[PDB]
């Protein structure tokens, strides 16, 4: 379906912000961010993105915490200020 | 009813949509508030090879041409080459399209809301005016019954007869009964110095009749320009005139506002004026006799202090080969010198005094 | 007890399922509102014209306002429409090219925009089984027939009005005869309508003035392009008129007007058929008798027969009766039709 994608460095610098706003707590887990882009054309083009509070469990891996109201509110306001970009997917900073 | 229990979730989603449309529908007021300028629109269909081809040509008032596709809300009367459209500062989008005038010299030809005189001011013409009173009342209120019977009222009525008979104030008197907007128009007004003006006047008449609310457009002195010559100016009036007849022959949606016409003479009768939409209603209005002239003069003179000893024989004998508006001028003249005659009551010699005065 | 609860619950389910159609129909328009709000985001485009192209990728544009610029090529479009001589569109930012702008004209919009719908009119003409003459005996409906096939397909809407050969200035209308007939020779399909030709059909019996000599000169161009040195095997003209007496007997040669179609109501089946197609949406009493209306009507006008029948519907509506007896049809078509015979001079 999709042959190639285009990722702007703005989202990776937003991962630099993911590593900036930690606050020195000692968790530094795989913070999941809501990836945004343009799924209309065959090629994928990421312009910007945002994040959602994501926390897992130490022992049990099947624990995952997301939010629907925060996604619909951040996506609703982001669509209100810029309707040319919509939800496409997500991304995690974990290496594994 | 277990299968019908999922309808509640659908109704909750729909009422949630009605709850969430208030914001994106609320910004319509702040984005579509006021188009700051006026830009002319010219329709030009494009082709993209959805990916459908649709575009339009724009022209601003400052003589600047830009590019934009056909956009906006649901359009029904739009997509025409008109003016006075909605536009933002620099986005140059179409938001609110409304048809506009200019050249107000033709737009404000005769701006009349409603007249004062009514149909009850004449006497002895109900046998021939009743068909017109019906032909203006029943097409205004009985539109519902027009579908059961499949009836479309005619748009061209020929109110012809000798001049001075009052074919204008009487049609206006019926226009008071129409209750619609009255709009006069003169024949010679089509003859202008510049070229192509008659097309703008005709398309202006059908622009206000087509665009505006149900109104009444009565024209007069059509015979003064309805000459069938075989350069010539009346052949230019054959371009404009035959253009109007083409707009009364090639337009099936012409079921809208009627076009009433009146000619002061039928010497040069255009043979192409016979059609359902054209001047088909040909009711002859001859010169009123002394009886009918005494009737219209009596009802037109029922307000002044007229002496009760009027046998109508002297005025009936003096009024020979006269018209309606002539006896109206006799009534007005009697109301003019009857003031300076000292006697506040109208005398009997004032009739022949006015007849021999103005005629 | 048990058998009635299934039907009653079917009624509650009915009134429960009959309320969704009042919302799910307008929700499509409500979502279409936001679809348009997302469709109005493409703003800021300008136009331009291409005269000279130096580089195949980047060429010179000519804006309408007067200042000229140079733009590049967008990765989406190709070099097909990029050739010079085609009006294109530009953007304010980066001067990119979204698409082109096809040229057009003012009267070309009128000649390529008017379209009359209706496909039943081809079968509503009644019992009617290089040029055509539609003359004017006591019977009308030529506009309903020419506009009936014209409303059916016509392959175009090339209407030629008899008021378009005025030529207020010097009578050089040959540029319009050769221009419009040159368009007819250019476009492979073409159908020409000539309505109300009696105004331009002067017999030039006596010495005509300058106004008549130019129209008769356009008739000389018609001679030179009908029986001159130009064939008209593929194009067709429809000469409609009103009086078959002053129809240019020089132009009445069978080389142009092959057949003659007398628009009338001669046949009883044609008058009955047109009476039935005009009597479609009319309501009336169960007592139907059309043979008296068809029999008493002798040589009348079709559209004016519609005006006389609807005039009998107005005569019947004067007494504001919903049902309409055919007595007012026989006596109102009789009397009003006799008034048409009085005004048939």
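The mean number of partner chain beta-carbon atoms within 10 angstrom of a residue's beta-carbon across peptide B:17-27 is 3. The residues C:5, A:24, B:167, when put in order of fewest to most other Cβ atoms within 10 Å, stand as A:24, C:5, B:167. Judged by the ratio a/c of the largest to the smallest principal axis of the C-alpha gyration tensor, the protein assembly as shown counts as prolate, that ratio being 1.5 or greater while a/b is larger than b/c. Adding -39500 (n - 2.57) for every DSSP H run of four residues or longer, then dividing by how many residues chain B holds, sets the calculated 222 nm ellipticity at -11000 deg cm²/dmol.
On full extension, the segment bounded by residue C:65 and residue C:114 gains 14.5 nm, given 0.36 nm per residue less the C-alpha separation. Considering only chain B, what is the antiparallel percent among its DSSP beta bridges, to the nearest 5? In chain B, approximately 40 percent of DSSP beta bridges are antiparallel ones. The long axis of helix A:9-18 is offset from the longest Cα principal axis of chain A by roughly 20 degrees. Among B:181, B:240, C:27, a tally of other beta-carbon atoms within 10 Å of each Cβ gives an order, fewest to most, of C:27, B:181, B:240. Peptide C:20-33 is shielded by partner chain Cβ atoms: per residue, an average of 3 of them sit within 10 Å of its Cβ.
Residues of segment C:64-80 with an amide N closer than 20 Å to a point placed 7 Å from the Cα of residue A:41 along the Cα-to-Cβ direction: C:71-80.
Summed over qualifying helices (DSSP H, 4 residues or more, each -39500 (n - 2.57)) and divided by its residue number, chain C shows a 222 nm mean residue ellipticity of -11500 deg cm²/dmol. Among beta bridges identified by DSSP and lying wholly in chain C, the antiparallel ones come to about 40 percent. Going from the residue with the fewest nearby Cβ atoms within 10 Å to the one with the most, B:348, C:233, B:300, B:12 rank C:233, B:12, B:348, B:300. Taking every residue in B:92-104 and counting other chain Cβ atoms within 10 Å of its Cβ, the average works out to 1.
When a/c is below 1.5 the answer is rounded, else prolate if a/b is larger than b/c, else oblate, so apply that to chain B with a ≥ b ≥ c taken from the square roots of the Cα gyration tensor eigenvalues. Since a/c reaches 1.5 and a/b is larger than b/c, the shape of chain B is classed as prolate. Whole-percent P(r), segment B:258-316, all Cα pairs, 5 Å bins from 0: 4, 12, 19, 15, 10, 10, 12, 9, 7, 4, 0. The shape of segment C:218-334 comes out prolate: with a ≥ b ≥ c from the C-alpha gyration tensor, a/c is at least 1.5 and a/b beats b/c. Using every pair of distinct Cα positions in segment B:231-359, the Kirkwood expression returns a hydrodynamic radius of 18.3 angstrom. A crude spin-label estimate for the pair residue B:100 and residue C:234, with each label 7 Å from Cα along the Cβ direction, gives 4.5 nm. Each label was represented as a point 7 Å from its Cα along the Cα-to-Cβ direction; for residue C:17 and residue A:48 these points are 4.8 nm apart.
The distance linking segment C:10-42 with segment B:139-208 is 44 Å (Cα centroid to Cα centroid, whole angstrom). With respect to chain A, whose longest principal axis is taken over its alpha-carbon atoms, helix A:69-81 is tilted by about 30°.
Potential lengthening of the chain between residue B:59 and residue B:77 amounts to 4.5 nm, from the contour at 0.36 nm per residue minus the alpha-carbon distance. Distance from the alpha carbon centroid of segment B:236-309 to that of segment B:78-120 works out to 28 angstrom.
Among beta bridges from DSSP that stay inside the protein assembly as shown, the antiparallel ones total about 50%. Take the Cα radius of gyration of chain C and divide it by 2.2 N^0.38 Å, N being the number of residues; the result is 1.52. Structural size metrics of segment C:73-122, computed from C-alpha coordinates, are Rg and Dmax of 17.7, 55 Å.
Here Cβ is always computed from backbone atoms with ideal geometry, including for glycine, and neighbour counts include all displayed protein chains. Each value in this text was obtained by applying a stated rule to the coordinates, not by laboratory testing.
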